[PDB]
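Descriptive analysis of the structure
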Amino acid sequence: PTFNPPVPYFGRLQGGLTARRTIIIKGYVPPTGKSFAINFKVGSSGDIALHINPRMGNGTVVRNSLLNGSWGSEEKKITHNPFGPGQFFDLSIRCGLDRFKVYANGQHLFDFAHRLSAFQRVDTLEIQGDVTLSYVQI
Ligand SMILES: C[C@@H]1O[C@@H](O[C@H]2[C@H](O[C@H]3[C@H](O)[C@@H](O)[C@H](O)O[C@@H]3CO)O[C@H](CO)[C@H](O)[C@@H]2O)[C@@H](O)[C@H](O)[C@@H]1O
């Protein structure tokens, strides 16, 4: 569903991830959550073009790709962490030609350069772990 979709969320991307296709994810970080993952995948149990993994313990926002069975180099730098315990957030993920552009609460969060060059093969949004979703638009 689009409203209050329960976790784990699996949503098919109609014609694959178009360049300029934006995904909106509104949710809530439970006060006793450890971590949640937003995964843009090549199907079920295939490559993850972008893995976004807020971790409540260290307050990190890890980005990586799982490609050909293996994790790449993590990217961690941010200017703000909107995923604090008990906080609501509004995410905007826009698939660019050369990078994802992610905003949280209207504010730039990070860019993630494409490691999977052919992003259009991304056909599955996956959201997992310790998160409550109010709204997901794909
Ligand atoms: C030990 C391992 O940790 C998790 O899995 C994820 C992985 O953890 C990294 C960790 O962030 C890093 O400090 C260390 O050097 O390597 C670990 C293994 O790759 O990070 C990726 C993204 O890079 C994903 O978040 C993985 O889920 C964890 O849940 C495993 O069960 C395991 O305990």
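The deposited coordinates for this entry were obtained by X-ray crystallography, with a reported resolution of 2.0000 Å.

Looking at the PDB entry, the chain carries the name Galectin-4, with the source organism given as Homo sapiens. The record for the entry shows the title "Crystal structure of the human galectin-4 C-terminal carbohydrate recognition domain in complex with 2'-fucosyllactose".

Regarding its fold elements, the chain presents zero helices and eleven strands. The linear arrangement of helices and strands in the chain, starting from the amino end, is β-β-β-β-β-β-β-β-β-β-β. Within the chain, buried positions represent 45% of all 138 residues. Per element, the accessible surface of the chain, about 7100 Å² overall, is 49% carbon and sulfur.

A few words now on unusual backbone geometry. Cis peptide bonds are those with omega within 30 degrees of zero, and the linkage from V7 to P8 qualifies with 5 degrees. By secondary structure assignment, the location of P8 is in the segment before β1 (9-12). Non-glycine residue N105 carries a positive phi angle of around 60 degrees. Its location among the elements puts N105 in the loop between β8 (99-104) and β9 (107-113).

A word on the site of the ligand. Close to the ligand lie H51, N53, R55, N64, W71 and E74. Side-chain polar atom of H51 to an oxygen atom of the ligand: 3.1 Å apart, as the coordinates give it. Between the ligand and the protein, one listed contact pairs an oxygen atom with a side-chain N or O atom of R55 at 2.6 Å. Considering the ligand on its own, with 630 Å² of exposed area, one finds that the protein chains cover 35% of that surface. Considering each element in turn, the shell around the ligand owes the most residues, three residues, to strand β4 (residues 48-55). Looking at the shell around the ligand residue by residue, the classes come out as one nonpolar, three polar and two charged.

Okay, the sheet that holds strand β2 (residues 22-28) next. By way of backbone hydrogen bonds, the strands of a sheet pair with one another, either parallel or antiparallel. If you trace the five strands from one edge of the open sheet to the other, you get β9-β8-β7-β2-β11, paired in antiparallel fashion. Of all strands in the sheet, those with a lone pairing partner are β9 and β11 (132-137), marking the two edges. Strand-to-strand twist across the sheet, computed as the mean angle between neighbouring axes with direction ignored, equals 20 degrees. Pairing analysis gives five bridges linking β2 to β11, with the strands arranged antiparallel. Residue pairing for β11: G27 is matched across the bridge by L133.

What counts as what
Residues numbered from 1 in each chain as written, not as in the entry; some residues may be left out. Heavy atoms only, no water. Helix = DSSP H or I, 4+ residues; strand = E, 2+ residues; numbered from the N terminus. Buried < 20%, exposed > 50% of the residue type's maximum accessible area, 1.4 Å probe, protein only. Areas by Shrake-Rupley, 256 points an atom, 1.4 Å probe, with all protein chains shown as cover. Near = heavy atom within 4 Å. Polar contact = N/O pair within 3.5 Å; in protein donor to acceptor, adjacent residues only side chain to side chain. Nonpolar A, V, L, I, M, F, W, Y, C, P; charged D, E, K, R; others polar. Pairing = 2+ DSSP bridges. Axes fitted to C-alpha atoms, helices over the stretch in contact; angles between N-to-C directions.

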